[PDB]
Protein chains: 2
Amino acid sequence: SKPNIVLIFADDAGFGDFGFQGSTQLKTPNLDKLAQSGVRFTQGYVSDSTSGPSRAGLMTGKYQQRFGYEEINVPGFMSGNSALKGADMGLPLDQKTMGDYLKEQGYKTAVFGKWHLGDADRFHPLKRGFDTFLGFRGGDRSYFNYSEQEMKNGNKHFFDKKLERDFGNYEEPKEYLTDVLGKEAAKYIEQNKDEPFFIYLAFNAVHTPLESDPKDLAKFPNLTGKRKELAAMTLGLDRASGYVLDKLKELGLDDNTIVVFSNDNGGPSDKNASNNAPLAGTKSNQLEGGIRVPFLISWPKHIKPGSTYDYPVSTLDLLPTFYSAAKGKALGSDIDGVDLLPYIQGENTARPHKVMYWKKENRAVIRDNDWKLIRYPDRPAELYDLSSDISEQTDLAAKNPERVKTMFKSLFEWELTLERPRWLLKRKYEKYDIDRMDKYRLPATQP
Amino acid sequence: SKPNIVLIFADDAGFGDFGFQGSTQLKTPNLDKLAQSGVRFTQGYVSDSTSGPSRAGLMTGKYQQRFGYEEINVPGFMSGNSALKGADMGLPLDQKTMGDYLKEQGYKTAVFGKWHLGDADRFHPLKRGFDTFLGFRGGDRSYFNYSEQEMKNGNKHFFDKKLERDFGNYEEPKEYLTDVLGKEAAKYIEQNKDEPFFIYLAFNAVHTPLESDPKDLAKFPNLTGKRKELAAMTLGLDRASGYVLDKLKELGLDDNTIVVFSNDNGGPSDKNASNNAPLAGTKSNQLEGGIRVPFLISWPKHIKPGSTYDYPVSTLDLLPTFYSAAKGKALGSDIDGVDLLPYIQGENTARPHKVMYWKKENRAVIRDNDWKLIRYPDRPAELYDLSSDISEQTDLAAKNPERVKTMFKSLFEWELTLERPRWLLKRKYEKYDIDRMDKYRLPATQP
Ligand SMILES: O=S(=O)(O)O[C@@H]1[C@H](O[C@H]2O[C@@H]3CO[C@@H]([C@H]3O[C@@H]3O[C@H](CO)[C@H](OS(=O)(=O)O)[C@H](O[C@H]4O[C@@H]5CO[C@@H]([C@H]5O)[C@H]4OS(=O)(=O)O)[C@H]3O)[C@H]2OS(=O)(=O)O)[C@@H](O)[C@H](O)O[C@@H]1CO
Ligand SMILES: O=S(=O)(O)O[C@@H]1[C@H](O[C@H]2O[C@@H]3CO[C@@H]([C@H]3O[C@@H]3O[C@H](CO)[C@H](OS(=O)(=O)O)[C@H](O[C@H]4O[C@@H]5CO[C@@H]([C@H]5O)[C@H]4OS(=O)(=O)O)[C@H]3O)[C@H]2OS(=O)(=O)O)[C@@H](O)[C@H](O)O[C@@H]1CO
Ligand SMILES: [Ca+2]
Ligand SMILES: [Ca+2]
Ligand SMILES: [Cl-]
Ligand SMILES: [Cl-]
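In the PDB header, X-ray crystallography is given as the technique by which the entry was determined, and 2.0000 Å as its resolution.

A. Region of the structure containing the coordination of the calcium ion (ligand 4). Residue and element names in this part refer to chain B. Looking at the calcium ion (ligand 4), one finds its protein donor set to be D11 (OD), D12 (OD), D264 (OD), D264 (OD) and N265 (OD1), positioned 1.9 to 2.5 Å from the metal centre. Spacing between the donor residues of the calcium ion (ligand 4) along the chain follows D-D-x251-D-N. According to the relative accessible area criterion, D264 is buried, its value standing at 0%.

B. View of the sheet that holds strand β6 (residues 164-165) of chain A. All names here are of chain A. Strand order across the open sheet formed by 10 strands is β7-β6-β5-β4-β8-β1-β9-β11-β2-β12, with mixed pairing between neighbours. Of all the strands in the sheet, just β7 (169-170) and β12 (307-309) have a single pairing partner and so form its edges. Bridging between strand β9 (residues 257-263) and strand β11 (residues 296-298) involves three bridges; their strand directions are antiparallel. Bridge pairing in β11 links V260 to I297.

C. Structural detail: the sheet that holds strand β13 (residues 313-314) of chain A. Residues and elements named next belong to chain A. Across the sheet, which stays open at both edges, the three strands sit in the order β10-β3-β13 with mixed pairing between neighbours. Every interior strand has two partners, whereas the edge strands, β10 (292-293) and β13, have only one. Two strands pair when backbone bridges link them, and strand β3 (residues 44-45) and β10 are joined in this way by two bridges, in the antiparallel orientation. Each residue of the ladder has a partner; that of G44, found in β10, is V293.

D. Geometry of the relation of the copies chain A and chain B. When chain A is brought onto chain B, the operation consists of a screw motion whose angular component is 179° and whose axial shift is 0.1 Å, with 0.2 Å RMSD remaining. Here the two chains are linked by the operation of a two-fold rotation axis. Residues of chain A ranked by C-alpha distance from the rotation axis are headed by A83 of chain A, positioned 1.7 Å from it.

E. Inspection of the site of ligand 1 at higher detail. All names here are of chain A. In the region of ligand 1, 17 residues are neighbours, and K161, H207, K283, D433 and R436 sit closest. Between ligand 1 and the protein, one listed contact pairs an oxygen atom with a side-chain N or O atom of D140 at 3.4 Å. In this structure, an oxygen atom belonging to ligand 1 sits 2.7 Å away from a side-chain N or O atom of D433. In isolation ligand 1 offers 1000 Å² of accessible surface; the protein chains occlude 61% of this area. For the shell around ligand 1, the element with the most residues is helix α13 (residues 428-439), which contributes four residues. Partitioned by chemical class, the residues of the shell around ligand 1 number seven nonpolar, four polar and six charged.

Analysis parameters
Residues numbered from 1 in each chain as written, not as in the entry; some residues may be left out. Chains lettered and ligands numbered in written order. Heavy atoms only, no water. Residues with missing side-chain atoms left out of burial classes, pairs and counts. Donors = N, O, S within 2.8 Å, 3.2 Å for Na, K, Ca; no water. Buried < 20%, exposed > 50% of the residue type's maximum accessible area, 1.4 Å probe, protein only. Pairing = 2+ DSSP bridges. Helix = DSSP H or I, 4+ residues; strand = E, 2+ residues; numbered from the N terminus. Least-squares fit on C-alpha atoms. Near = heavy atom within 4 Å. Polar contact = N/O pair within 3.5 Å; in protein donor to acceptor, adjacent residues only side chain to side chain. Areas by Shrake-Rupley, 256 points an atom, 1.4 Å probe, with all protein chains shown as cover. Nonpolar A, V, L, I, M, F, W, Y, C, P; charged D, E, K, R; others polar.

What follows is the structure in structure tokens.
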């Protein structure tokens, strides 16, 4: 029987900022129970440390740099020299999505919340294998309704923040957006309970702006400023996820539903007070704190409850995992991900990925087993043993010069399989990305 | 009195491949006498190790990466994702050229031979401060006439190879192109002998294809294959330069004429059998063999004959040097070059450039005094003391880790002042550039 698939994909959450990730300060009871119901990945990665490229990898099961989706698509932030600007930046139309693949297997498909895979009509979710959409095309938006005046006074890219149903039916949220998105996903489950369905629940929680339900803020009297907002926004993310998980149980769909929880990129600790403990770094850098994310898979009667899987896995793996579960027999020859199920169930004791890569311009990483080489524009390449140094504080480059040379050559061989980028950020953002990395160069710790 | 200015700019010549550069195999009598007539620079550099970007720096007196002219403009070789392709790649129109500056000082201005600063009409020499043109818009062409049929049946970029007078008056060369270009420059001197003139004589010699006057091939009976052609093509370059130098002497203009000889980039030893002795590397890499070039300045009664100048200088310096000689008092505030005359004459004993930079994508160089840091995509950054190690064979990076870190930060600070590139080569050419560098990693030696 073809299982339902629910992918809950948070935005800008701290690695440490869930109960199941070791938080005692924040409250995530619903997602903690999801963790206990299935397998928790201790080394789950996104394909990039920023939103657009991460989502391009997730949606395609491919290294997004292979189709030139290398730097983040941010209308108004792009170089005057960029090949594509504004609404023309998007997931190339020749790429086949997770939605397209599950549509081939007869699934009902919906996306709720953040898209960020292009603002033009041709890049719209309903053109990319999704039946149904309630969300926003761009990278961020308010958790409450925009006034008519705010929409009138927005710059030429502001339209991508407007809450939208399907193909251009604009209507602002009537309550806290996190609750709207969760309730919509639960309504869609109810409407499609008799047929295989795929939901992509792309919460904007816990992305800026720092806005919360006042009742949620009240539950954190001992937290201050940004961290109090993050706590409240996290409680909202967890409650809204709860609407979906509870609806599945209520309708008896638990045994025949795959639920995934992950996060688009590492926490931007300076922006939303996210905490990536015990990792160094943040959003937009390639330290573990930027690329390693909370990662759960639940499939009752198929995946052992309360289990952990400790070899590296990728958001790139989700497309082939979902497609195989959906009884798909025509996977494209170009997929970088692997079906995780044989690995999760111990049929395959090998690493799903011996070698993994990250790249934004001159900043790149090659990982070989637990060896991690990090290349930078502004400092010598660093080598970490992640099996003894999760926080990347002990540079072993000088002690292992032959391994550094061999990993450098392997990194460049992979770079040679990539397209040149399709769009380029203004020069100044490389300084912002590196300066924040140096601000969070030390390990984060649970408060 | 405003001096005449003649800039002879060869293409793809080997560093060692002139008598005045230490060759005992090749014949360059005319240019050897030019060297003896003036100052020879032992550390003269182009702004890039390839044609288009080198010429953009030369024409502007600016780091060409500041206006996004970073990778070479080669129609048909560009990424399908490139922002600008074919005829649209060119020196940005908001840049002010060497021609424009000397036109302001009342000079007659001419360019003969290779342009390579854009194929579209708007990038044409007669739009960029040149009165007159006989040459070709693109990067290479035959040293003999193309048939009407060859020109009709060429790909969509082939038109940029056609020999052109002024604004689209096409006529193929009636003899060996090197002789045509020299004789045209000599005719222009004759026509303008009573008025200040500037000639940019951009020979395609000694660029591929390997075609020579049979009478020149006859002067090298003991050489074979590519090296014989290079020898013959070099003798032609020297004779054609001779037409110009002999015309200046014949008309008594020697004492009031600045003559410069240089070369667009290091020798592509695999392509035209050029020899960069005693340097390592070649065209398209940032070893000394790619970026250091033969560099002569003659101004009889102003520059001491038979002298050498040993501090680093740049083609970027030629615009301000020329403009100051032309009595210009309104240099732009954006010029990276300096007027060399005070340095040559000992009015300024300081280094003209304490710091110099090169950049193509991930490949970059910072030089601080005689320290050279080289960054690569596929290997650890290398550090050379050029005052003890001209051939870049003793990597000091491990011995001097703090200097490596300091120069890395300074390199990135300069990168932050640049635009993103305006066009991007196909990915595969980075493999070709690096593999050839490794083929010529050892010092070249005089045959
Ligand atoms: O006048 S404005 O007050 O500032 O009006 C406000 C709203 O506009 C703003 O909206 C947010 C906040 O500031 C600007 C915009 O932020 C930018 O949003 C981008 C969305 O794509 C992007 O965020 S991201 O998607 O999460 O990556 C930008 O962040 C990136 O910038 C670089 C590229 O990658 C990283 C950086 O290197 C990434 O940084 S990060 O990792 O830290 O996130 C982010 O800066 C502003 O938008 S604007 O269009 O520029 O004006 C306006 O819409 C609203 O109506 O009013 C408010 C004021 O009340
Ligand atoms: O069958 S052919 O021999 O190909 O036909 C010939 C003519 O077409 C060719 O002409 C030459 C030979 O092959 C192509 C062309 O070479 C390319 O010319 C470019 C000019 O811009 C460029 O040279 S460059 O300007 O000096 O840089 C290309 O070299 C570069 O390529 C990459 C970019 O930088 C470097 C590389 O990474 C640089 O390499 S290098 O440093 O070694 O110089 C060079 O490959 C081909 O032209 S075509 O546009 O591809 O078709 C044809 O017109 C004529 O009619 O027939 C001849 C054969 O008789
Ligand atoms: Ca995000
Ligand atoms: Ca050249
Ligand atoms: Cl984001
Ligand atoms: Cl060239």
